[PDB]
């Protein structure tokens, strides 16, 4: 195969994003635990995309500030990527990037800060950081979970990439682990795929899996969180780990993440190509920004509503697995919800259609 790339507008096109909407009146908050973002690269990208640059603002949490390392191959990548994909698709909204110490408490304080932020009042929050759910301090996970719940009951969407290491989520204990915050049931977990689409159609789209060296979408069965009531007709399989057990399946939806069909971005002055699920939360954060707009109200927590929406609102991914550890093929995709791509990739238009009164 040959590695390609899209700009953020092309992929939106692919997924039939509702046109004529930009996020105006809306405000997206993006969580960042390191690195920074340089204004030269941003303006260059927003012009290069023939889009009017959206307002970007930094918010210091527990000390942390906007601290770019100049290395396009380091944190900055993640910080600029998030703002570039998000800002290019919903240029109308207002970006509010929140930086915090990379600690269990900085991550938490950052979320609660944005979530209840009275000055920027974001309606959506995008997270592209995380970690095995079984590696976080239990008190941490419960704290954050509630932070999300508090978020829901506040009319605020919370999206988060599902990882970049497949079903094993980068752990060699020989078991399967899913990623947090993605496992939190109050989070719309974003998985990743390898999309092959053009202005008028998605030629193909499979689970994103480039082996051990290339990365693969995180996904599977939570071992911490029970099976949501709204996810009970999704046929989440039980864990593949010996002992089995029900669990909140991951992810909820998926979007392009395969670097080999990555995003074309501008990091620290360098024009390169980034991938991974980190691109998907902001990808869909912009989606929700336009939908909130047309509606004139925050769709807040979308998970319950999504799981019972009809088939034509989602493209179903059926080929592929996100197992980069063995030949067992766990987890494997198939018709309808699966532990690789969840409900599949959304079709914005049909999704806004589905949500209006």
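Numbering follows the first chain given and starts at 1.
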Per the entry, higher mean C-alpha B factor between 39 to 47 and 302 to 310: 39 to 47
Mean temperature factor over C-alpha atoms, higher-scoring stretch between 275 to 283 and 71 to 79: 71 to 79
Residue with maximal Cα B-factor (values as given in the PDB entry) among 102, 198, 209, 246: 246
Top residue by Cα temperature factor, when 31, 295, 28, 59 are compared in the entry: 295
Chain thirds of CA B-factor: placement of residue 317: lowest
Record-listed C-alpha B factor of residue 233: chain third: highest
Third of the chain's Cα B-factor distribution that residue 95 belongs to, per the entry: highest
Lowest, middle or highest third - CA B-factor, residue 12: lowest
Residue 118 by Cα B-factor - lowest, middle or highest third of the modelled chain: highest
